[PDB]
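Peer 1: The following file, coords_8.pdb, comprises PDB, C-alpha atoms:
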```
MODEL        1
ATOM      1  CA  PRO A   1      -6.022 -22.045  12.953
ATOM      2  CA  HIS A   2      -5.674 -25.868  13.001
ATOM      3  CA  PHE A   3      -6.073 -26.305   9.209
ATOM      4  CA  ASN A   4      -4.143 -29.564   8.770
ATOM      5  CA  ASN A   5      -3.516 -31.172   5.353
ATOM      6  CA  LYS A   6      -6.594 -33.466   5.539
ATOM      7  CA  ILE A   7      -8.878 -30.408   6.024
ATOM      8  CA  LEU A   8      -7.055 -28.586   3.175
ATOM      9  CA  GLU A   9      -7.622 -31.517   0.761
ATOM     10  CA  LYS A  10     -11.354 -31.569   1.618
ATOM     11  CA  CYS A  11     -11.641 -27.819   0.885
ATOM     12  CA  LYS A  12      -9.717 -28.157  -2.413
ATOM     13  CA  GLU A  13     -11.974 -31.089  -3.432
ATOM     14  CA  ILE A  14     -15.236 -29.097  -2.985
ATOM     15  CA  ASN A  15     -13.697 -25.926  -4.559
ATOM     16  CA  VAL A  16     -13.210 -23.781  -1.430
ATOM     17  CA  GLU A  17     -10.163 -21.547  -2.018
ATOM     18  CA  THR A  18     -10.441 -18.529   0.376
ATOM     19  CA  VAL A  19     -11.183 -17.511   3.988
ATOM     20  CA  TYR A  20     -14.447 -15.919   2.759
ATOM     21  CA  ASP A  21     -15.544 -19.294   1.301
ATOM     22  CA  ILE A  22     -15.286 -20.862   4.808
ATOM     23  CA  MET A  23     -18.065 -18.467   5.933
ATOM     24  CA  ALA A  24     -20.131 -19.569   2.900
ATOM     25  CA  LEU A  25     -19.901 -23.256   3.992
ATOM     26  CA  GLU A  26     -23.302 -24.709   4.937
ATOM     27  CA  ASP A  27     -24.084 -26.717   8.095
ATOM     28  CA  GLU A  28     -23.696 -29.940   6.040
ATOM     29  CA  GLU A  29     -20.222 -29.206   4.588
ATOM     30  CA  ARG A  30     -18.992 -27.618   7.864
ATOM     31  CA  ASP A  31     -19.502 -30.866   9.820
ATOM     32  CA  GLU A  32     -17.802 -33.039   7.155
ATOM     33  CA  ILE A  33     -14.734 -30.800   6.671
ATOM     34  CA  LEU A  34     -14.025 -29.151  10.050
ATOM     35  CA  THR A  35     -13.535 -32.240  12.257
ATOM     36  CA  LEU A  36     -12.014 -30.515  15.305
ATOM     37  CA  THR A  37     -12.471 -30.036  19.071
ATOM     38  CA  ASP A  38     -14.503 -27.186  20.629
ATOM     39  CA  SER A  39     -11.361 -25.245  21.644
ATOM     40  CA  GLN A  40      -9.932 -25.753  18.122
ATOM     41  CA  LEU A  41     -13.218 -24.667  16.462
ATOM     42  CA  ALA A  42     -13.316 -21.612  18.782
ATOM     43  CA  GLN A  43     -10.090 -20.283  17.204
ATOM     44  CA  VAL A  44     -11.410 -21.067  13.685
ATOM     45  CA  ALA A  45     -14.547 -19.003  14.411
ATOM     46  CA  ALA A  46     -12.536 -16.285  16.216
ATOM     47  CA  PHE A  47     -10.152 -15.987  13.239
ATOM     48  CA  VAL A  48     -12.781 -16.076  10.469
ATOM     49  CA  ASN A  49     -15.064 -13.528  12.222
ATOM     50  CA  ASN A  50     -12.169 -11.091  12.872
ATOM     51  CA  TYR A  51     -10.749 -11.696   9.347
ATOM     52  CA  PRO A  52     -11.102  -8.359   7.508
ATOM     53  CA  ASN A  53     -13.452  -7.675   4.577
ATOM     54  CA  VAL A  54     -12.590  -4.207   3.221
ATOM     55  CA  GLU A  55     -14.058  -2.393   0.196
ATOM     56  CA  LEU A  56     -11.727  -0.030  -1.699
ATOM     57  CA  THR A  57     -13.218   3.103  -3.322
ATOM     58  CA  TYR A  58     -11.022   5.968  -4.608
ATOM     59  CA  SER A  59     -12.047   9.580  -5.332
ATOM     60  CA  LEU A  60      -9.666  11.713  -7.426
ATOM     61  CA  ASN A  61     -10.263  15.399  -6.581
ATOM     62  CA  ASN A  62      -9.640  16.876 -10.068
ATOM     63  CA  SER A  63      -9.047  14.036 -12.553
ATOM     64  CA  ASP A  64      -9.623  15.886 -15.856
ATOM     65  CA  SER A  65      -7.950  19.250 -15.143
ATOM     66  CA  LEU A  66      -4.542  19.145 -13.393
ATOM     67  CA  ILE A  67      -1.035  20.675 -13.573
ATOM     68  CA  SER A  68       2.422  19.023 -13.617
ATOM     69  CA  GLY A  69       4.793  19.819 -10.718
ATOM     70  CA  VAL A  70       2.163  20.919  -8.171
ATOM     71  CA  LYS A  71       1.088  18.283  -5.617
ATOM     72  CA  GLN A  72      -2.067  16.405  -6.730
ATOM     73  CA  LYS A  73      -4.595  15.291  -4.076
ATOM     74  CA  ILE A  74      -6.424  11.929  -3.874
ATOM     75  CA  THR A  75      -8.949  10.404  -1.426
ATOM     76  CA  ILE A  76      -9.184   6.667  -0.620
ATOM     77  CA  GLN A  77     -12.319   5.276   1.090
ATOM     78  CA  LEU A  78     -12.523   1.931   2.948
ATOM     79  CA  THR A  79     -15.822   0.359   4.074
ATOM     80  CA  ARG A  80     -16.407  -2.730   6.248
ATOM     81  CA  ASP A  81     -19.684  -4.686   6.428
ATOM     82  CA  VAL A  82     -19.943  -4.060  10.193
ATOM     83  CA  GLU A  83     -17.812  -2.306  12.832
ATOM     84  CA  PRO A  84     -15.423  -4.738  14.607
ATOM     85  CA  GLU A  85     -15.418  -5.191  18.402
ATOM     86  CA  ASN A  86     -11.604  -5.056  18.484
ATOM     87  CA  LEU A  87      -8.696  -5.111  16.013
ATOM     88  CA  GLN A  88      -6.508  -7.589  17.965
ATOM     89  CA  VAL A  89      -5.173 -10.256  15.593
ATOM     90  CA  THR A  90      -6.065 -13.955  15.888
ATOM     91  CA  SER A  91      -2.969 -16.098  15.221
ATOM     92  CA  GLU A  92      -1.890 -19.654  16.095
ATOM     93  CA  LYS A  93       1.833 -19.515  15.261
ATOM     94  CA  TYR A  94       2.646 -15.922  16.319
ATOM     95  CA  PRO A  95       2.918 -15.888  20.159
ATOM     96  CA  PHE A  96       2.740 -12.154  21.050
ATOM     97  CA  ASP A  97      -0.079  -9.582  20.732
ATOM     98  CA  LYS A  98      -0.726  -7.624  17.519
ATOM     99  CA  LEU A  99      -3.292  -5.042  16.340
ATOM    100  CA  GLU A 100      -4.612  -4.853  12.770
ATOM    101  CA  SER A 101      -2.725  -2.132  10.860
ATOM    102  CA  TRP A 102      -2.944  -1.291   7.135
ATOM    103  CA  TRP A 103      -1.013   0.548   4.412
ATOM    104  CA  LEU A 104      -2.589   2.668   1.656
ATOM    105  CA  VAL A 105       0.045   2.630  -1.106
ATOM    106  CA  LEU A 106      -0.217   4.552  -4.403
ATOM    107  CA  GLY A 107       2.268   3.858  -7.222
ATOM    108  CA  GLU A 108       2.989   2.784 -10.800
ATOM    109  CA  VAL A 109       3.674  -0.860 -11.755
ATOM    110  CA  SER A 110       5.494  -0.119 -15.046
ATOM    111  CA  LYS A 111       7.816   2.545 -13.574
ATOM    112  CA  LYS A 112       8.243   0.576 -10.280
ATOM    113  CA  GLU A 113       7.888   3.584  -7.941
ATOM    114  CA  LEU A 114       5.758   4.574  -4.929
ATOM    115  CA  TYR A 115       4.073   7.995  -5.172
ATOM    116  CA  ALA A 116       2.558   7.990  -1.661
ATOM    117  CA  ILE A 117       1.908   5.803   1.409
ATOM    118  CA  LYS A 118      -0.370   6.178   4.454
ATOM    119  CA  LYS A 119      -0.408   3.874   7.500
ATOM    120  CA  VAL A 120      -3.967   3.595   8.865
ATOM    121  CA  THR A 121      -6.023   1.587  11.368
ATOM    122  CA  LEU A 122      -9.523   0.619  10.182
ATOM    123  CA  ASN A 123     -11.441   1.236  13.427
ATOM    124  CA  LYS A 124     -14.832   2.499  12.167
ATOM    125  CA  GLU A 125     -17.327   0.881   9.757
ATOM    126  CA  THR A 126     -16.518   3.514   7.084
ATOM    127  CA  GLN A 127     -13.403   5.737   6.829
ATOM    128  CA  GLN A 128     -11.621   7.931   4.284
ATOM    129  CA  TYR A 129      -8.103   9.427   4.164
ATOM    130  CA  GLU A 130      -6.571  12.131   1.939
ATOM    131  CA  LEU A 131      -3.206  11.354   0.305
ATOM    132  CA  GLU A 132      -1.025  13.733  -1.735
ATOM    133  CA  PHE A 133       1.733  13.142  -4.301
ATOM    134  CA  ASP A 134       4.000  14.894  -6.822
ATOM    135  CA  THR A 135       2.299  14.870 -10.241
ATOM    136  CA  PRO A 136       4.330  12.866 -12.819
ATOM    137  CA  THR A 137       5.397  13.873 -16.363
ATOM    138  CA  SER A 138       2.814  14.864 -18.993
ATOM    139  CA  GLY A 139       1.520  11.736 -20.776
ATOM    140  CA  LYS A 140       0.099   8.219 -20.424
ATOM    141  CA  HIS A 141       0.164   6.667 -16.919
ATOM    142  CA  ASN A 142      -1.246   3.628 -15.072
ATOM    143  CA  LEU A 143      -1.562   4.343 -11.335
ATOM    144  CA  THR A 144      -2.669   1.605  -8.909
ATOM    145  CA  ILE A 145      -3.887   1.932  -5.301
ATOM    146  CA  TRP A 146      -3.107  -0.884  -2.826
ATOM    147  CA  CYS A 147      -4.995  -1.265   0.454
ATOM    148  CA  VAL A 148      -2.917  -3.991   2.155
ATOM    149  CA  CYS A 149      -3.045  -5.538   5.644
ATOM    150  CA  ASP A 150       0.042  -6.259   7.777
ATOM    151  CA  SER A 151      -1.459  -9.124   9.849
ATOM    152  CA  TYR A 152      -3.442 -11.289   7.343
ATOM    153  CA  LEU A 153      -2.570 -12.869   3.962
ATOM    154  CA  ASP A 154      -4.889 -12.645   0.917
ATOM    155  CA  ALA A 155      -7.219 -10.050   2.538
ATOM    156  CA  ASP A 156      -5.977  -7.182   0.333
ATOM    157  CA  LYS A 157      -7.583  -5.073  -2.413
ATOM    158  CA  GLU A 158      -6.603  -2.778  -5.299
ATOM    159  CA  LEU A 159      -7.962  -0.575  -8.116
ATOM    160  CA  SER A 160      -5.883   0.272 -11.208
ATOM    161  CA  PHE A 161      -6.726   3.421 -13.205
ATOM    162  CA  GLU A 162      -5.287   6.009 -15.631
ATOM    163  CA  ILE A 163      -5.276   9.778 -16.272
ATOM    164  CA  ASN A 164      -4.070  12.202 -18.979
ATOM    165  CA  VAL A 165      -1.654  14.731 -17.435
ATOM    166  CA  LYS A 166      -1.113  18.077 -19.217
TER     167      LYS A 166
ENDMDL
END
```
So, in terms of C-alpha cells, how does the structure I just supplied come out?

Peer 2:
Amino acid sequence: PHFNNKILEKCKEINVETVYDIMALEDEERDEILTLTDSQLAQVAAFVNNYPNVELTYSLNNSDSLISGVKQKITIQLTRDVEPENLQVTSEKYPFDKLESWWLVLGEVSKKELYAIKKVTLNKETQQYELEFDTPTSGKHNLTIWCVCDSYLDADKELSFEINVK
C-alpha cells in the first residue's frame, strides 16, 4: 500500500527487492524511505505483517519402490513462523473482502501437464495434506510442486525433484 515511484526508487537504490526485505529495514532506513502519514503507514504495517511466509516440505510415501498405473501418494507440508490472527487480505486497489486461499499443484514442466491440485487454507502454524496422482510411464521424470497464493504476488514457493519409475 502507498508505494509510489519515489519510494520504489529509494528501495531499488539500497538493494531492497522483496516484501520480506521491508521487514529487514532498520529504524534508520525506514524513516528515510517510508515518508508517509500514520494512516498510510498503518496499511503498510498491516499488509507486511499479514503477508505470508510459507515453508514448503514434501514427503513422498514410497519413492524408491513404486508401480506404474496404480495411484501414487504424496504428502506436502507447509509451515508458518507464527499462527496468523486472521487470513483476511490487505489490499489498496481491490475494494471487496477476500480471504487467503492457496493451491498445491503437482506437475511436470517438460511435459506441460498437471498431475494433481489441492485448494487449501493455511489456518494453523503447521499443516500437511495428502495428494494422489496417476503414476506416469516408466523412466526419467522431473516433477515439481507449487505452493501458490491467490491473493499475493511473489509469496510463492516450489521444490523440483525426480524419481525412477519401474

Peer 1: Suppose a student applies the PyMOL selection byres ((chain A and resi 158) around 6) to this structure; what residues should they get, written as a list in words?

Peer 2: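 Applied to this file, the PyMOL selection byres ((chain A and resi 158) around 6) selects residues 145, 146, 157 and 159 of chain A.
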
Peer 1: Quick one: pull the distance between CA of residue 98 (chain A) and CA of residue 56 (chain A), Å, one decimal.

Peer 2: 23.4 Å

Peer 1: Can you pull out every residue within 9 Å of residue 50 (chain A), counting all atoms listed in the file, but drop anything in the same chain fewer than 4 positions away, and send it as a PyMOL selection string?

Peer 2: chain A and resi 45-46+84-90

Peer 1: Report as a PyMOL selection string all protein, DNA and RNA residues lying within 9 Å of residue 164 (chain A), evaluated on all atoms listed in the file, omitting residues in the same chain fewer than 4 positions from it.

Peer 2: chain A and resi 63-66+138-141

Peer 1: Any idea what's packed within 12 Å of residue 23 (chain A), counting all atoms listed in the file, ignoring anything in its chain fewer than 5 positions away? Could you give it as a PDB file with C-alpha atoms, in the coordinates of the input?

Peer 2:
```pdb
ATOM      1  CA  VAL A  16     -13.210 -23.781  -1.430  1.00  0.00           C
ATOM      2  CA  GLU A  17     -10.163 -21.547  -2.018  1.00  0.00           C
ATOM      3  CA  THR A  18     -10.441 -18.529   0.376  1.00  0.00           C
ATOM      4  CA  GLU A  29     -20.222 -29.206   4.588  1.00  0.00           C
ATOM      5  CA  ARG A  30     -18.992 -27.618   7.864  1.00  0.00           C
ATOM      6  CA  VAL A  44     -11.410 -21.067  13.685  1.00  0.00           C
ATOM      7  CA  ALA A  45     -14.547 -19.003  14.411  1.00  0.00           C
ATOM      8  CA  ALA A  46     -12.536 -16.285  16.216  1.00  0.00           C
ATOM      9  CA  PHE A  47     -10.152 -15.987  13.239  1.00  0.00           C
ATOM     10  CA  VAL A  48     -12.781 -16.076  10.469  1.00  0.00           C
ATOM     11  CA  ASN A  49     -15.064 -13.528  12.222  1.00  0.00           C
ATOM     12  CA  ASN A  50     -12.169 -11.091  12.872  1.00  0.00           C
ATOM     13  CA  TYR A  51     -10.749 -11.696   9.347  1.00  0.00           C
ATOM     14  CA  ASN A  53     -13.452  -7.675   4.577  1.00  0.00           C
TER      15      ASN A  53
END
```

Peer 1: Pick out the residues sitting within 6 Å of residue 74 (chain A), and hand them over as a list in words; count only C-alpha atoms, and ignore anything fewer than 4 positions along from it in its own chain.

Peer 2: residues 60, 61, 130 and 131 of chain A

Peer 1: Produce a file of the selected residues containing C-alpha atoms, as a short mmCIF file (atom, residue, chain, number, x, y, z; two decimals), in the frame of the given file.

Peer 2:
```cif
data_model
loop_
_atom_site.label_atom_id
_atom_site.label_comp_id
_atom_site.auth_asym_id
_atom_site.auth_seq_id
_atom_site.Cartn_x
_atom_site.Cartn_y
_atom_site.Cartn_z
CA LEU A 60 -9.67 11.71 -7.43
CA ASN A 61 -10.26 15.40 -6.58
CA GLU A 130 -6.57 12.13 1.94
CA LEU A 131 -3.21 11.35 0.30
#
```

Peer 1: Using all atoms listed in the file, give me every residue within 12 Å of (-15.5, 7.9, 1.6) in file coordinates, as a list in words.

Peer 2: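 Result, sorted by chain then residue number: residues 55, 56, 57, 58, 59, 60, 74, 75, 76, 77, 78, 79, 80, 124, 125, 126, 127, 128, 129 and 130 of chain A.
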
Peer 1: From the set A:161, A:20, A:133, A:3, which residue has the shortest atom-to-atom contact distance to residue 92 (chain A), counting only C-alpha atoms?

Peer 2: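 Closest candidate: A:3.
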
Peer 1: Of the candidates A:166, A:93, A:144, A:34, which shows the shortest atom-to-atom distance to residue 112 (chain A), using only C-alpha atoms?

Peer 2: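 Of all the options, A:144 lies closest to residue 112 (chain A).
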
Peer 1: Can you work out the spacing between CA of residue 11 (chain A) and CA of residue 91 (chain A) in Å, to one decimal?

Peer 2: 20.4 Å

Peer 1: So what do you get for CA of residue 68 (chain A) versus CA of residue 104 (chain A), distance-wise?

Peer 2: 22.9 Å

Peer 1: Please identify all polymer residues lying at most 8 Å from the point (4.7, 16.0, -6.1) (file coordinates), using all atoms listed in the file, and present the result as a PyMOL selection string.

Peer 2: chain A and resi 69-72+132-136

Peer 1: Next, dump the selected residues to file, keeping only C-alpha atoms, as a compact mmCIF listing (two decimals), keeping the file's coordinate frame.

Peer 2:
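And here's again-v7.txt as it stands now:
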```
# COMPACT_ATOMS: atom_id res chain seq x y z
CA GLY A 69 4.79 19.82 -10.72
CA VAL A 70 2.16 20.92 -8.17
CA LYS A 71 1.09 18.28 -5.62
CA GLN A 72 -2.07 16.40 -6.73
CA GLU A 132 -1.02 13.73 -1.74
CA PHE A 133 1.73 13.14 -4.30
CA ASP A 134 4.00 14.89 -6.82
CA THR A 135 2.30 14.87 -10.24
CA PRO A 136 4.33 12.87 -12.82
```

Peer 1: What would the selection look like, as a list in words, if the PyMOL selection byres ((chain A and resi 109-111) around 8) were run on the coordinates I just shared?

Peer 2: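 When the PyMOL selection byres ((chain A and resi 109-111) around 8) is applied, the selected residues are residues 107, 108, 112, 113, 142, 143 and 144 of chain A.
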
Peer 1: Smallest atom-to-atom distance to residue 31 (chain A): which of A:73, A:118, A:2, A:10, using only C-alpha atoms?

Peer 2: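 Distance minimum relative to residue 31 (chain A) lands on A:10.
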
Peer 1: First collect every listed atom of region 101-114 of chain A; then fit an axis-aligned box around them, widen it by 6 Å on each side, and give centre and edge lengths in Å to one decimal, as lines of an AutoDock Vina configuration file.

Peer 2:
```
center_x = 2.6
center_y = 1.2
center_z = -2.1
size_x = 23.2
size_y = 18.7
size_z = 37.9
```

Peer 1: Do you know which residues the PyMOL selection byres ((chain A and resi 151) around 7) returns on this file, as a ChimeraX atom specification?

Peer 2: /A:89,100,149-150,152
